[PDB]
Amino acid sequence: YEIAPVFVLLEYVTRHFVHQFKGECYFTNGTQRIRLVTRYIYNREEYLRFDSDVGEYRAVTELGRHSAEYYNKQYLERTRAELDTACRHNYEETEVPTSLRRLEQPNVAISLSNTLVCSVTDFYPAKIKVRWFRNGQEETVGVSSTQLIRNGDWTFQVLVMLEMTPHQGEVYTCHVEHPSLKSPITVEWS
């Protein structure tokens, strides 16, 4: 149940200044395929990197030339292992029971800007399907949508627009599908 960190390794000892360390674990089909990447950055320049796909430290720029040699002679072992003790462990023992089970049902509302706006908000995860309908018939034109929007609070939102002429008696419907939903959500407008 404990989260392992990806460790920053010490460099050999030889106006604002910035340095960054990035530990990245990529997953595809569970833990079937895992990939670790470690980036060492000075200001905004990545000069040193470790990549599972390679298996060793490589200099990304002239600035990391010798850093690569040092980390390879000093940490190859400790580093390669993080693929399991960090990536595999964190995924299987901490993300599975939390983030990978989080489900937020979207809220759906239609408003009129002429243009109709279907607001699909506060859902999680990102996978979502939204389609417009006029009298039970799907709208094949005049449909635009904003990019998927990350609220930064673990919920997403997306606005789906529909250009139209509010001809009397017409019935518009916003169809929304999401893993959190038992059944699709449909909001109507007249």
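Throughout, we count residues from 1 along the sequence that is shown.
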Discussion item. Does the chain run continuously from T98 to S99, or are deposited residues unmodelled in between? Answer none, 1 to 3, 4 to 9, or 10 or more.
Written reply: none
Practice prompt. If the chain runs straight from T14 to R15, say none; otherwise bin the unmodelled deposited residues as 1 to 3, 4 to 9, or 10 or more.
Written response: 10 or more
Worksheet item: As stated in the PDB record, which stretch has the larger average Cα B-factor, 41 to 49 or 158 to 166?
Response: 158 to 166
Discussion item. Per the record, averaged over C-alpha atoms, which has the higher B-factor: 181 to 189 or 4 to 12?
Written reply: 181 to 189
Item to complete: Compare the CA B factors listed in the entry for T121, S144, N135, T61 and report the winner.
Response: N135
Worksheet item: How does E92 rank on Cα B-factor within its chain, lowest, middle or highest third?
Response: highest
Discussion item. Quick check on the deposited entry: does the C-alpha B-factor of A126 sit in the lowest, middle or highest third of its chain?
Written reply: lowest
Worksheet item: For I149, does the deposited CA B-factor place it in the lowest, middle or highest third of the chain?
Response: lowest
Practice prompt. Among all modelled residues of this chain, ranked by Cα B factor, put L112 in the bottom, middle or top third, i.e. lowest, middle or highest.
Written response: highest
Worksheet item: So where's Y26 on the chain's Cα temperature factor ranking, which third?
Response: lowest
